[PDB]
């Protein structure tokens, strides 16, 4: 089901510069030893393949321009080799590590979601994001939910899809196992077929993405 959502402390909108151009995405504060880690799509912080983003801003609980917990700047960005070197959609997930803001670590201010890797295929999910393309305008949190199924057409990426109306800008937004934003994150919004596709696909969170998380979370 597609719905409007009140802001969630740990879920945020991303504003970034990549390859010299300005874009938006969505992301999520995830549990990590550094208390500074944000999950998103690889394509939200790296050309895939190519350079990393030159500026990356995370705004937790963004609503209509408001930044109730401030604007957070990335100090480092981590994507798997398969993304950064090959642009492989199978591995379209990455993790940003944020600078402190006013002497505070992100997770201490907004909390964080637990993560899961190497889980079952075909789980049920609720996905969140800040869709920014018609009929949406990027200003507010939205969600989709459903049971994950395989990509019937391009199954070569091991991705999974759920019914969803979220558009460009929702990329990188978290997939939570179950029906709540309080759950474990286990994928991100990655792609759809066309600008207003009725299915959202997210990559399988396996060992490669886990390894990227592990390095980011300590950094």
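Positions refer to the first chain, counted from 1.
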| query | finding |
| --- | --- |
| Mean C-alpha temperature factor, higher of 102 to 110 and 121 to 129 | 102 to 110 |
| 148 to 156 set against 170 to 178, stretch whose average Cα temperature factor tops the other in the entry | 148 to 156 |
| Identity of residue with top Cα B-factor, from 54, 186, 190, 26 | 54 |
| Among modelled residues of the same chain, the CA temperature factor third for residue 141 | lowest |
| Chain-relative CA temperature factor third for residue 94 | lowest |
| Chain-relative CA temperature factor third for residue 41 | lowest |
| Chain-wide C-alpha B factor ranking for residue 65, given as lowest, middle or highest third | middle |
